[PDB]
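What is reported rests on the model, the rules as stated and the sources as named; none is laboratory data. A quick note on method: Cβ atoms are made from the backbone with ideal geometry, for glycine too, and the neighbour counts reach across all protein chains shown.
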């Protein structure tokens, strides 16, 4: 049931609103152990592990329960932003039945936005169908900038899970990250939601991105609006 996973997500969101939101903009959440990430991780795991599913997460690697279901957890996407008081951050969950994704969510606390990625139903924001529109996020340690000089404007918001959700919403045309920094724990839910809304998510090369069940893989995203745009970038 989706009904089951939706309910678990709402419970986590609710918990995050009361327990982690107090720490928005607080410098003490940046104490090394990063503290507010650990607090967020603990909150989610204390609910999720009870269900006896496998979990993958940057702080705990893979927890194997020989379970049919796998939950990829990003407890706080946009960690630096959250601590600094910059309003770009999200919680995310991607739920797999074996190797097929069945449910993904991104919740954006500052806007109260509930993004849903439901295979064989498409992408939703607060219940209402969303789809990419007919301007890009750009991350690069050096590469591109044949890109900069070739698009109307760029954004670099510091929460890549969230930027992908903006694409699925039609706030952006594309998300382009050509460092090899991003983990599947970052991009999983955002890929599912964007793909389900019409995004084309490929890699540095040009072949489709595949979501590994680890917290170690280091990736490139080229998630985009259209064939024309994709070609342009490649």
Quick one: which residue in 73, 53 is at negative phi, touching a strand residue (DSSP E or B) at 6+ places or on another chain (Cβ under 6 Å) and either in the same structural domain as residue 191 (by CATH) or surrounded by fewer than 19 Cβ atoms within 10 Å (Cβ to Cβ) (or both)? 53
Exactly one of 6, 47 is surrounded by fewer than 16 Cβ atoms within 10 Å (Cβ to Cβ), within 18 Å of residue 189 (Cβ to Cβ) and in contact with a strand residue (DSSP E or B) (Cβ under 9 Å, 6 or more places away or on another chain), and that one is 6
Can you name the number of the only condition in (1) closer than 30 Å to residue 234 by Cβ; (2) more than 16 Å from the chain's Cα centre (by Cα) that residue 67 fails? (1)
When you scan the range 134-234 for strands (runs of 3 or more DSSP E) that lie fully inside it, which ones turn up with 1 or more residues that are at positive phi? none
Candidates 65, 81 - the one that is surrounded by 18 or more Cβ atoms within 10 Å (Cβ to Cβ), out of contact with any helix residue (DSSP H, G or I) (no Cβ under 7 Å at 6 or more places or on another chain) and more than 19 Å from residue 104 (Cβ to Cβ): 81
Exactly one condition in (1) closer than 20 Å to residue 52 by Cβ; (2) out of contact with any strand residue (DSSP E or B) (no Cβ under 8 Å at 6 or more places or on another chain) is not met by residue 121; state its number. (1)
State all residues of the range 29-59 that are over 14 Å from residue 91 (Cα atoms) and touching a helix residue (DSSP H, G or I) at 6+ places or on another chain (Cβ under 7 Å); if no residue qualifies, say none. 29, 30, 34, 35, 47, 55, 56, 59
The residue that is surrounded by the most Cβ atoms within 10 Å (Cβ to Cβ), considering only those in the range 113-133 that are on the phi < 0 side of the Ramachandran plot and assigned to a loop (DSSP other than H, G, I, E, B), is 132
Selection over the range 1-25 where residues are farther than 14 Å from residue 89 by Cβ and part of a loop (DSSP other than H, G, I, E, B) yields a count of 1
Within the range 141-169, the residues that are out of contact with any helix residue (DSSP H, G or I) (no Cβ under 8 Å at 6 or more places or on another chain) and surrounded by fewer than 16 Cβ atoms within 10 Å (Cβ to Cβ) are 141, 142, 143, 145, 146, 148, 149, 152, 153, 156
